[PDB]
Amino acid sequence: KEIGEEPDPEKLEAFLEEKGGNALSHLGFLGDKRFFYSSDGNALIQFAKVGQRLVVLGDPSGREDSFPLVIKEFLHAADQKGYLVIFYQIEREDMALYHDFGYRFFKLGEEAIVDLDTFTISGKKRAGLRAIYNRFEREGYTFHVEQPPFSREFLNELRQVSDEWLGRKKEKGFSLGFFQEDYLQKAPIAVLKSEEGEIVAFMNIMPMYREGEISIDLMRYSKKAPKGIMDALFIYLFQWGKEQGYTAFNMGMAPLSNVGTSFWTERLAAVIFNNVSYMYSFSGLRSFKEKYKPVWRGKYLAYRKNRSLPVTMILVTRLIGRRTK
């Protein structure tokens, strides 16, 4: 029998609320990743199979005290089938869990974490964001957060916006969300309507698996959405989040800066610049998120062989592109 369990929404939902989760836990409702529950029943590893190589999405979910156990069991179970195990988008404070198994780390980027309490558009340099907000407020756009269950009529209106936003592009997966009705029923959906009540944009609000932190997964808008649409949505989102009592917002991962000062090869360099599309949501520009003055939280790739790092990145990139062969 193949390693891991079939993705089960009911079991996952029960687990994430009774044991807790992380930033990438909600992505398990896409049904495109296999699950590996620990024998303790307190920890969970989500992953995807690519040939003889398994790619884990993030750190384990659940009780952190069972994290060494689930990693031990998962790696052992993969040792039997002779599979290579890769960990994608883990955090620094959990490096000790993987270092003992001889894993190396590579910084993929940083997540923009915006303080909702100290965020404002009243700043002297915040004249740009305040102008965008005022214009949307002037033209009569309204922001609303809807709760599941959602009707077909509502989903149809979201699909029209989504399809128009996608264009000729197809959906990505694994570490990114896509338009699935089952998945969309699992969380609140925030919409932006015009004066005529026409939905021109939508976002799905991702569950609190931390302190007072929230985030979104999908952010899509139609062609009739005004310029600065993405900036406007985050402003409305931050306003709503602060109103609900949330402390922080995760704007998703952004590419690293040029550091400022080598293990760099031409192989690795070409792969990374090719990759700048599949790992950074909303905008591939770090400056887009940086202007919100966020606290950067690094995400790392856990690998074993350094010479196989360029290939590893390609396999993960294609996995996000929904191809495993």
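Numbers for residues come from their place in the sequence shown, where the first is 1.
Asks: From residue 261 on to residue 262, does the model leave out none, 1 to 3, 4 to 9, or 10 or more residues of the deposited sequence?
Replies: 1 to 3 residues lack coordinates between residue 261 and residue 262.
Asks: Between 179-187 and 124-132, which has the higher average C-alpha B-factor in the PDB entry?
Replies: According to the entry, 124-132 carries the higher average C-alpha B-factor.
Asks: Between 307-315 and 13-21, which has the larger average Cα B-factor in the PDB entry?
Replies: 13-21 has the higher mean C-alpha B-factor.
Asks: Among the candidates 277, 265, 52, 46, give the one with the maximum CA B-factor reported in the record.
Replies: Max CA B-factor in the entry, restricted to 277, 265, 52, 46: 277.
Asks: Highest CA temperature factor in the entry: which of 71, 254, 77, 203?
Replies: The C-alpha B-factor peaks, among 71, 254, 77, 203, at 77.
Asks: For residue 285, return the chain-relative third of its C-alpha B-factor as stated in the PDB record: lowest, middle or highest.
Replies: As the PDB entry reports it, the C-alpha B-factor of residue 285 lands in the highest third of its chain.
Asks: With respect to C-alpha B-factor, does residue 209 fall in the lowest, middle or highest third of the chain as deposited?
Replies: Answer is highest: the recorded C-alpha B-factor places it there.
Asks: Tell me, lowest, middle or highest third: where does the Cα B factor of residue 243 rank within its chain?
Replies: As the PDB entry reports it, the C-alpha B-factor of residue 243 lands in the highest third of its chain.
Asks: Is residue 60 in the lowest, middle or highest third of its chain when residues are ranked by C-alpha B-factor?
Replies: For residue 60, whose C-alpha B-factor we compare with every modelled residue in the chain, the answer is the middle third.
Asks: Sort the modelled residues of this chain by their C-alpha B factor and say whether residue 193 lands in the lowest, middle or highest third.
Replies: According to the entry, residue 193 has a C-alpha B-factor in the chain's middle third.
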